[PDB]
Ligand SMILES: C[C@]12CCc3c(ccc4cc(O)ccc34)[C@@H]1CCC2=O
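Consider the single chain below, provided in structure tokens and representing the form deposited without ligand EQU.
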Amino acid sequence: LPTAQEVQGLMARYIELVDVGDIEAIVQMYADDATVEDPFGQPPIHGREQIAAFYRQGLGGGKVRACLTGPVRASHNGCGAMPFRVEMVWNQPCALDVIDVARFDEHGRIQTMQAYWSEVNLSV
């Protein structure tokens, strides 16, 4: 599994990809059969096609900004967690505070992603 330093780099690179909205590059960061639970509590979506559709819906159709709002917290077992803020228009300018928890596989790809947030974390 990716080292703690590597996890930091990868999770930071995920945020940068969300920030520019490069759907294909985001999807490539995931394992081919990865799961996404976003928001955590909802049923997982499975596989790169479903994940691509998810990101197309959520990012496509307008400017989205995303910045880390604190450092990535990495483990020594290929996992990490990070706090960030996503700015969008829905549907005025709003911001959502999120924490992503990720588990990576032996190939450095995201196997599971869990995005913790609820409506309390949204601001118009």
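All residue numbers are counted from 1 along the displayed sequence.
Beyond what is shown, the protein has a form solved in complex with ligand EQU; the following relates to that form.
Checking 72, 59, 79, 29 against ligand EQU in the bound PDB entry, a heavy atom within 4.5 Å turns up for just one residue: 59. For residue 18, a non-hydrogen atom is located within 4.5 Å of ligand EQU in the bound PDB entry, even though that partner is not displayed. In the bound PDB entry, residue 88 approaches ligand EQU with a heavy atom inside 4.5 Å. In the bound PDB entry, none of the heavy atoms of residue 34 sits within 4.5 Å of a heavy atom of ligand EQU.
Contact between residue 52 and ligand EQU in the bound PDB entry is not found at the 4.5 Å heavy atom cutoff. Taking a 4.5 Å heavy atom cutoff to ligand EQU in the bound PDB entry, the contacting residues in 60-97 are 64, 84, 86, 88, 96.
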